[PDB]
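In structure tokens, the next block holds one chain alone, the form deposited without the DNA.
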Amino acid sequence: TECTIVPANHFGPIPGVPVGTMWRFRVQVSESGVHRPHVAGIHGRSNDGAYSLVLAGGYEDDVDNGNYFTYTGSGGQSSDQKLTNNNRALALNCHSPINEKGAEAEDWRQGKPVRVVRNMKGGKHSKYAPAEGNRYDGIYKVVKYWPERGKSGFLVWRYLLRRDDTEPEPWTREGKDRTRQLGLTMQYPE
């Protein structure tokens, strides 16, 4: 059943789903409303913004630093990516006018929020990935985005996101203490 407590185009935290929430399977992640697409790694609308993303490995030039991370858009390498569809959505989140050249946020915190989920498949490059399942790590914002052409010569769209959430990161001592207070357990299908 699709999440109905908030609309599909809801920006920001999902009511009742705290930072640190864990689900074994993507279908539960979707049903919770935190990341609606079952398979795709980003949810957005090209004229509104990006609502959520799942970090599951992605590309080799991406680096996960926990409180911040870099990220690569979709499409294309055999052809150029374009600042359309979800690449555009994510760029629109940045506190800056949309720019085919890339842009940096004026005040990054005034950007539209992005719900970030880390999935265990990211553990092959990131020490922040959960060992199992999927974990909601809170709200991040787009600090900047830019195009680049790597070894294939084709263009990819790149993003830097930084955490802006009042609850601590689940991997920290403070996060672990919140997980305890909230009684968070790996969630399974009922």
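For clarity, a rigid core is taken as the largest C-alpha set superposing within 1.5 Å between two forms. Residues that one form lacks are left out of the comparison. Don't overthink the numbering: it's just position in the shown sequence, from 1.
This next part talks about the form deposited with the DNA bound, which is not shown.
J.: So in the deposited complex, does residue 38 come within 4.5 Å of the DNA, heavy atom to heavy atom?
T.: Because a heavy atom of residue 38 falls inside 4.5 Å of the DNA in the deposited complex, the answer is yes.
J.: Using a 4.5 Å heavy atom cut-off, state whether residue 149 contacts the DNA in the deposited complex.
T.: Heavy-atom contact with the DNA at 4.5 Å: absent for residue 149.
J.: Can any non-hydrogen atom of residue 59 be found within 4.5 angstroms of the DNA in the deposited complex?
T.: Residue-level check for residue 59: yes, a contact with the DNA.
J.: Any of the heavy atoms of residue 96 lying within 4.5 Å of the DNA in the deposited complex?
T.: No, residue 96 is distant from the partner.
J.: Select from the listed residues 142, 54, 50, 34 the one whose heavy atoms reach within 4.5 Å of the DNA in the deposited complex.
T.: Partner contact (heavy atom, 4.5 Å) among the options: 54.
J.: Check, residue by residue, if 112, 163 and 179 all come within 4.5 Å of the DNA in the deposited complex, counting heavy atoms only.
T.: Judged in the deposited complex, none of 112, 163 and 179 sits within 4.5 Å of the DNA.
J.: Superpose on the core, then tell me which runs of at least 3 consecutive residues have all their CA atoms shifted by 2 Å or more between this form and the one not shown.
T.: That run whose C-alphas all shift by 2 Å or more is 152-154, the only one.
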